[PDB]
């Protein structure tokens, strides 16, 4: 599966039935489908300050570049959910508008997902994935240089091709989160890639973060979906799914205005 051409997103459901099922993500966040919910209290981020003396595996699997996260990293306020990995979605150098969620019909430059699984109930994210998952999403805007995101981006020229891995020193993952994390959108949805399992509790923070034009350009030019020896290379660009019908869902907000 890909994001472009005969294996792109309109065809995923041919091999991955859930991609044609209910509760799919991402979605457009707009007024008609939002409702304030005062029960959406703040999440607590536990163990996000990863030791700088430890190192965490960054991998290009051909579809994504993901940073593995330790299971002692958790979110509470929900079961306790343990982190498993983070990754991003982006556009391309000539169109830096590759967020997955949109807000009032507009794409952000990119989007960070921090994937967690219910470690109360399941021994790993793969198991949880068809039960199970909570993903935090941070919208990313073109803006100022972001030293915290650069702790990841500065290693991308070392995982350019599918199957490559690198180590990233620990840092405080909460530095990747925006202002006022108490303010978020919450809804029931799905993985945004195959197998599109409808098993995700989404939290999209209200406020975006910024990374620079130069950071976006590096992100949009550094990576390939294909192996280092593939005679038909494919750039890892435009790796976002279109927004989905909302299938009668509402999105609940922790902010009223």
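Numbering follows the first chain given and starts at 1. Rigid core: the largest C-alpha set superposing within 1.5 Å between the two forms.
- Between stretches 219-227 and 59-67, the one whose Cα atoms sit farther from the displayed model in 8 other deposited structures of this protein on average is 59-67 (core-aligned, root mean square).
- Comparing 20-28 with 231-239 in 8 other deposited structures of this protein, after superposition on the rigid core, the stretch with the greater RMS C-alpha deviation is 231-239.
- According to the entry, the deposited sequence has 1 to 3 residues without coordinates between residue 78 and residue 79.
- Higher average CA B factor: 43-51, of the stretches 43-51 and 26-34.
- Taking only CA atoms, the mean B-factor in the PDB entry is higher for 66-74 than for the other of 66-74 and 208-216.
- Going by the entry's values, 104 shows the largest Cα B-factor out of 92, 99, 104, 144.
- Which of 124, 150, 111, 183 has the largest Cα B-factor in the deposited entry comes down to 124.
- Residue 241: CA B factor lies in the lowest third for its chain, per the PDB record.
- Residue 60 sits in the middle third of its chain by CA B factor, as recorded in the PDB entry.
- Per the PDB record, residue ranking by Cα B-factor puts residue 254 in the lowest third of the chain.
- Remark: residue 128 belongs to the highest third of its chain, ranked by C-alpha B-factor as recorded.
- Sorting the modelled residues of the chain by their CA temperature factor places residue 199 in the highest third.
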